[PDB]
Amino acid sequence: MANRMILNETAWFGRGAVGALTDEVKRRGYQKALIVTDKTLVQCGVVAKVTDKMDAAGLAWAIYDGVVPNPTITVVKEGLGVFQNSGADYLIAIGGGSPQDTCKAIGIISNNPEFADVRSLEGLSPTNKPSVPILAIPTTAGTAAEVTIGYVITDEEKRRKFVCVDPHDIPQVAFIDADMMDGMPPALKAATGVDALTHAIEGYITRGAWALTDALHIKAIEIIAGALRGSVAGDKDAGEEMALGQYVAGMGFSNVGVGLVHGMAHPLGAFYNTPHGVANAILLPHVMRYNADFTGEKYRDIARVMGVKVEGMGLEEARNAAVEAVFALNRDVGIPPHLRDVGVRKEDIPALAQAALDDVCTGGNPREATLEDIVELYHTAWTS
């Protein structure tokens, strides 16, 4: 009956926020960092924005940049290997979900060595010790990996993404700095932006929802719906709004759950390596329609903060307005409307529906999802 909230003890918000990291490291007396990132962020000079400030304050660092989209067991093991031979006593996550989730796995397994197979971390990880201290710097807007107690690792052998949930993995400090995010191509702003929206909407209507998370989620929907078109077009101010809104969504959904969008999205990541945000975006409006009659008054709120005039609308009419508002936003930021558009195969749907039913996220969905329900949703989402 009582509800738990895990949050960052310390976080810095706004352009220039990464400038606070050298001070926070010195006040905690940490000796050497392993920075967990990917190739693109080294090559575009984003990592250098941090390693330059660390050089100027005389703080030692090694780099692991082997992280691929939808990080694998292989990538976790390889990164853990580098951390142990680096002599580091803390971690700095620089990137979107992929590096930040890779970083959490490494930080957990280092101080809980019985999980070295990594796949045994799935579900409520029964870890005894806190993670290696993590300092988190997101470069997408965003997975909110910096504030959530969750991370998603791809099992190549079993061809599935598995969710690990553990209060021990919470970063010590987050640095939410739109300066780190500006380099996102439009399509990445669009995808990660609707991933943030999905978190906010799924979180708002999830079974575990209560007053505090409702307050956070509805605020994040308002910020994201307001700013995402601006940000994809390349507006400085909208990009900062998105940086905050994606985080506020994290503060909610981490603590209560999401639903069938994330459940149906994870198999698409496993099977095709589909960007998490694109899969969520295509699925979100179809799953909202499916969930509609099981969400009380909450679609009125979604539609209103998304710019629709809901006064004088009936409950069912407002529920349609909320779904149409999400279709419209997807059209406007250039996310295709059908799963076949991103190479999902008609024949896989049975195996996809089964993976979706078994995914941790699906138990939070407000309408109780059957195998045949998920099959029909994939089909409706696949073509017209």
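One rule holds for the numbers: they count along the sequence shown, beginning at 1.
Higher mean CA temperature factor between 295-303 and 100-108: 100-108, per the PDB entry.
Stretches 5-13 and 368-376 differ in mean CA B factor, with 368-376 having the higher one.
Per the deposited coordinates, the residue with the largest Cα temperature factor out of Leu329, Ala353, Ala318, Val42 is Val42. Taking the PDB entry at face value, the top CA B factor among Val323, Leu59, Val342, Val333 belongs to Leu59. When the modelled residues of the chain are ordered by their C-alpha B factor, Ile73 lands in the highest third. Ranked within its chain, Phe83 lands in the highest third, by CA B factor from the PDB record.
Remark: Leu124 belongs to the highest third of its chain, ranked by C-alpha B-factor as recorded. Ranked within its chain, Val132 lands in the highest third, by CA B factor from the PDB record.
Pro186: CA B factor in the highest third of modelled residues in this chain (values from the PDB entry).
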